[PDB]
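Q: pasting an experimental structure, sequence included:
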Amino acid sequence: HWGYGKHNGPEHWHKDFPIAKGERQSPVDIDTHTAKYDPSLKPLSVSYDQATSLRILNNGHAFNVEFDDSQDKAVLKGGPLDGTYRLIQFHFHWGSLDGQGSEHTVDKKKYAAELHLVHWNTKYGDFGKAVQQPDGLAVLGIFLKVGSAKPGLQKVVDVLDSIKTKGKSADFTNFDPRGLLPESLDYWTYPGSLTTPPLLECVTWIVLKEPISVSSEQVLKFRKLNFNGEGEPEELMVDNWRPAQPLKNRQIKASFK
Ligand SMILES: [Zn+2]
Ligand SMILES: [Zn+2]
Ligand SMILES: [Zn+2]
Ligand SMILES: [Zn+2]
Ligand SMILES: [Zn+2]
Ligand SMILES: [Zn+2]
Ligand SMILES: [Zn+2]
Ligand SMILES: [Zn+2]
Ligand SMILES: [Zn+2]
């Protein structure tokens, strides 16, 4: 089983997942000197007011907050996107130390964590068919830095003790994802992949410029989770990020100057 450990980590994923060395892998370093502004990028439209959260779960790699995506309740439109992409889940990647944890980097700066709000293209009818396509998904990536507590994150933090180990889940209704956004929606964008196996090259990445602030007590709560299921040996869920991959023949476009 792939993982983030010594013998099953990112450097070994190519064995079972050869697309790991493909042409559009994520994440990537964003060099703010070469990611040039592009005036034709429309502004990004985020509609989360009717978001309906269902459950929260530890799948052994991170924890996902899943949403009802049966209808256009919470959607992302605009920017580089054609059409309408529905929110299906969010999750985070984070470090064992404050100086690392993000997947994307900005001029090689690593952040303490990165939020991924995952959305699929309604043009394909369901998530399962969307991930098979180049334009199947859009992931909105938000950096986290340590500082002041993020009130909107608290409901997440408070339930983490109930899903400590793999396979555990809890009911998780009425969570409002707008409480996880920064104030500004300026972004970079490029075409890439899922950052975990199976690493499909199906994602339009949209990463925000402005990070959110979370408290060290909030991030410590992330580091108390386990990769293992109950009654296996404890392996703390930390450093569940993949490092930057080669940009190859791709351009990263900025929405701001
Ligand atoms: Zn292990
Ligand atoms: Zn090899
Ligand atoms: Zn540079
Ligand atoms: Zn320069
Ligand atoms: Zn797994
Ligand atoms: Zn669904
Ligand atoms: Zn992710
Ligand atoms: Zn229930
Ligand atoms: Zn138990």
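A: Nice, thanks for sending it over. Numbering: from 1, shown residues only. Ligands and ions are numbered 1, 2, ... in the order given.
Q: span of stretch 152-168 from start to end?
A: In stretch 152-168, first residue to last residue: 23 Å (Cα to Cα, to the nearest Å).
Q: buried ones in it, by neighbour count?
A: Using 16 or more other Cβ atoms under 10 Å as the burial criterion, the residues of stretch 152-168 that qualify are 152, 153, 155, 156, 157, 159, 160, 163, 164, 165, 166, 168. C-betas here are computed from N, CA, C, even on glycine.
Q: I'd like these as JSON lines, with distance to residue 127 and secondary structure appended.
A: Compiled in JSON lines, those are given as follows (distance: Cβ to Cβ, whole Å; DSSP: H, G, I helix; E, B strand; the rest coil):
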{"residue": "152", "distance to residue 127": "25", "secondary structure": "helix"}
{"residue": "153", "distance to residue 127": "25", "secondary structure": "helix"}
{"residue": "155", "distance to residue 127": "24", "secondary structure": "helix"}
{"residue": "156", "distance to residue 127": "22", "secondary structure": "helix"}
{"residue": "157", "distance to residue 127": "27", "secondary structure": "helix"}
{"residue": "159", "distance to residue 127": "24", "secondary structure": "helix"}
{"residue": "160", "distance to residue 127": "25", "secondary structure": "helix"}
{"residue": "163", "distance to residue 127": "22", "secondary structure": "helix"}
{"residue": "164", "distance to residue 127": "27", "secondary structure": "coil"}
{"residue": "165", "distance to residue 127": "26", "secondary structure": "coil"}
{"residue": "166", "distance to residue 127": "22", "secondary structure": "coil"}
{"residue": "168", "distance to residue 127": "22", "secondary structure": "coil"}
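Q: ok, those vs residue 63, which is closest?
A: Nearest to residue 63, judged by Cβ to Cβ, of those is residue 163 at 6.2 Å.
Q: from what I can see that closest one touches residue 63, true?
A: Yes - Residue 163 lies in contact with residue 63 (Cβ atoms under 8 Å); the separation is 6.2 Å.
Q: what do the two both touch?
A: Common neighbours of residue 163 and residue 63, counting by Cβ atoms under 8 Å, 6 or more residues apart in numbering, are 56, 57, 225.
Q: against ligand 3, how distant is the last one?
A: Summarising the geometry, the distance separating residue 225 from ligand 3, computed by Cβ to the ion, to the nearest Å, is 35 Å.
Q: report how many residues lie close to that residue.
A: For residue 225, the count of nearby residues is 21 (other Cβ atoms under 10 Å).
Q: same check on the second one?
A: Per other Cβ under 10 Å, the neighbour tally for residue 57 reads 20.
Q: what strand or helix carries it?
A: According to DSSP states H and E, residue 57 maps onto strand 53-58.
Q: which residues touch that strand?
A: Outside strand 53-58, the residues that reach it (Cβ under 8 Å, 6+ apart) are 63-68, 156, 159, 163-175, 177, 225-226, 237.
Q: would you mind writing the CA trace of that strand as CSV?
A: This file holds the C-alpha atoms of strand 53-58, laid out as CSV (Å, rounded to 0.1, in the frame of the first residue of the first chain):
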residue,chain,number,x,y,z
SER,A,53,-21.4,18.8,4.2
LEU,A,54,-22.2,15.1,4.9
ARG,A,55,-19.3,13.4,6.7
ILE,A,56,-15.6,13.4,7.7
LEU,A,57,-13.3,10.4,7.3
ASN,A,58,-9.7,9.2,7.8
